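One chain is shown next in structure tokens, namely the form deposited in one PDB entry.
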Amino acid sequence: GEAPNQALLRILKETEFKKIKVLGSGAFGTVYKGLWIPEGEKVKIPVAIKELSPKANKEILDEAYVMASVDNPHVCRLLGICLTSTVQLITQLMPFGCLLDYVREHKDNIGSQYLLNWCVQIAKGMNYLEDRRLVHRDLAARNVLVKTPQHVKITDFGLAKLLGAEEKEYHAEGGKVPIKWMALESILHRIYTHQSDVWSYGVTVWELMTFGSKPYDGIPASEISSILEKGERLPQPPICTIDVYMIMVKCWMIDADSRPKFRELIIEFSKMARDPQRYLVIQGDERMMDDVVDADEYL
């Protein structure tokens, strides 16, 4: 049926690391900044170190499995794991943080060119996950990280599921789920596909085009299903021409097969990125150590 996953899982010694400071803490757990210094290789690699009990070790290992199986410039790659008391996920340090916080903080300095390139890059990442038969199930602006303002990558595979065999849906059970980003069929029937990731892509783009507004702000999660059933959608962001908003609305069709595919999202946003100010109208757009090696260059 499917192909052998010959990915390599790299077990990193704790002595090869230097935790430097806490970057973030919350529901996921704790993320740290640090430096990885492999073996006697004269190299220092900036890394993010993530900790989430046997349940915690199981779930972080499921995440390590997925991240070790992806290799794409717009997906965060696993560097390895450290087998301490609690299992640590070691990944590439993304120095500018999550894109949600980035657009909120740099609102008045984000031009149409960046907004549309980010849409292209996120869609490339998602189309790659689709190539690997991976449904993310948690695409959102908080889960896109900023390597540089010109280069973003999808992260957080804690909900990601590998469609096997010839299966097309992933039928989930209970568990906390981000209601305001999920397709209507996911809310109602807990069915997840690449096309339900497309819906979340549309909410993510809306997050970017509003400079980090909260979807359905004020509405609790339990009415989302009924609001969506009435035909109500997120509103048109002020900077968005009808060309861009129409793309988002198509991501929110009831019929999942009517939504655009990620490879078509790449094409459309890529055409719009060639003439950004024809598609987004933003005020003032036109005026907007020695041995360190980035993980993307340590192969």
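Position 1 is the first residue in the sequence shown; the rest follow in order.
- At least a third of the other compared entries skip residue 286 while keeping the residues on either side.
- Figure legend: residue 42 is marked as unmodelled in at least a third of the other comparable entries of the protein.
- Gap between residue 52 and residue 53: 4 to 9 deposited residues without coordinates.
- Going from residue 288 to residue 289, the model skips 10 or more deposited residues, which lack coordinates.
- The deposited model assigns a higher average Cα B-factor to 25-33 than to the other stretch when 226-234 and 25-33 are compared.
- Mean CA temperature factor is higher for 183-191 when stretches 114-122 and 183-191 are set side by side in the entry.
- Ranking 156, 217, 207, 131 by the C-alpha B-factor listed in the PDB entry places 217 at the top.
- If you compare the C-alpha temperature factors of 74, 171, 142, 137 in the entry, 171 comes out highest.
- Sort the chain's modelled residues by C-alpha temperature factor and residue 20 lands in the highest third, per the entry.
- For residue 107, the recorded CA B-factor ranks within the highest third of the chain. Only modelled residues enter the ranking.
- Residue 89: CA B factor lies in the middle third for its chain, per the PDB record.
- Placement of the Cα temperature factor of residue 267 within the chain: lowest third of the modelled residues, per the deposited record.
- When the modelled residues of the chain are ordered by their C-alpha B factor, residue 70 lands in the middle third.
Heads up, the form deposited with a partner chain bound isn't pictured, but that's what we're talking about next.
- Residue contact check for residue 178: one or more of its heavy atoms lie within 4.5 Å of the partner chain in the entry with it bound.
- Taking the partner from elsewhere, residue 186 is found to have a heavy atom lying within 4.5 Å of the partner chain in the entry with it bound.
- Within this chain, residue 161 is remote from the site of the partner chain in the entry with it bound, having no heavy atom within 4.5 Å.
- At the 4.5 Å threshold, heavy atoms of residue 182 reach the partner chain in the entry with it bound.
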